[PDB]
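Here's a solo chain for you in structure tokens, the form deposited in one PDB entry.
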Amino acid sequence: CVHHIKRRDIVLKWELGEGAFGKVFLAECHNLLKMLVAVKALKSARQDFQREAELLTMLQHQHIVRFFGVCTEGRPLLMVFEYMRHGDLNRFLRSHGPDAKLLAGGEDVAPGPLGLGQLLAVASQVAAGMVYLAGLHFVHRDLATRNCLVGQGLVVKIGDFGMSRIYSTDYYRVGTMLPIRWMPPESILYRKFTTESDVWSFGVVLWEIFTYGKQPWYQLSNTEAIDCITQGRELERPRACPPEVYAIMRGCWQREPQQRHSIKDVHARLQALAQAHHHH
């Protein structure tokens, strides 16, 4: 079922970044539809790549980054994805925040912070991707803005760099890299990962969106953040966050996993708020 792509049809442009087990390149792909694509090159490694390819071929949704296939005939092994021009959502939020004008290039279009409508549109799209994954009983385990991508026209989709571990500071070593600031108490304490720990992570993503990409618990060390989370401390309402949006975050952050609101209900509430603000 996995689509295969000839090595001749992939023209590497430049290396975007690299991690311990992979390198990501911007490339052009021929006879796929010239087309820009993001290519992951693998540094057992195989079989894990094969399971990954099968999984990415089955995950198909408007808010999941598009996977086009693999290149296995030759070395290294390649995975081909659509190119998301505006990069990862954490960097996107940080570059479209209150200090956007200071950071902007001279030619940037209408520099300034994203407005409420745009922030709800980002939030609703991430929630839609999570509704799809929950429907498949798929647990992401690392939902965070660094793992979402932004395309032209404020199109937001869920991904997973794997190599996120630029963002090494967002993970804590115990003893495996865990994104503790995005995790609920049961995941930090017992590594219990479920659709309910993903909804908790979505509440944290909502907080990152409304703080224009700040790191959750930024004032705290990893050990201090683990202690705050397990003690039940809640992140502060962001200045740009309306009370209705903070109530949605609180619904994702109920201590008992079974008490957390479903991602379908969270998505429905964000869509309703986005609809109510469209003309205002």
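Residues that one form lacks are left out of the comparison. For every residue, the number given is its place in the sequence shown, counted from 1. Between two forms, the rigid core is defined as the largest C-alpha subset superposing within 1.5 Å.
In the other compared entries of this protein that model both flanking residues, residue 150 has coordinates in every one, well short of a third left out. Coverage remark for residue 120: present in the model in all other entries compared whose chains are built on both sides, leaving no third without it. Unmodelled deposited residues between residue 239 and residue 240: none, per the record.
Count the deposited residues lacking coordinates between residue 165 and residue 166 and you get 1 to 3 of them. Higher average CA B factor: 176-184, of the stretches 176-184 and 124-132. Between 70-78 and 90-98, it is 70-78 that carries the larger average Cα temperature factor according to the deposited entry. Going by the entry's values, 44 shows the largest Cα B-factor out of 221, 211, 44, 231.
For the set 58, 225, 245, 252, the maximum C-alpha B-factor listed in the entry falls on 58. In the PDB entry, a CA B factor belonging to the highest third of its chain's modelled residues is recorded for residue 18. Ranked by Cα temperature factor within the chain, residue 171 sits in the middle third according to the deposited record. Among all modelled residues in its chain, residue 31 ranks in the highest third by Cα B-factor. Among all modelled residues in this chain, the alpha-carbon of residue 24 has a temperature factor (C-alpha) in the highest third.
When the CA B factors of the chain's modelled residues are split into thirds, the value for residue 256 lands in the lowest one.
Another form, the form deposited in another entry, is not on view; read the next lines as being about it.
With the two forms fitted on their core, the C-alpha shifts between the shown form and the other one stay under 2 Å for all of 131, 100, 139, 116 except 100.
Compared with the form shown here, the Cα atoms of residue 101 and residue 121 sit 3 Å or more farther apart in the other form. In sequence order, there is only one run of at least 3 consecutive residues whose Cα atoms each shift by 2 Å or more between the shown form and the other one, relative to the superposed core, and it is 98-110.
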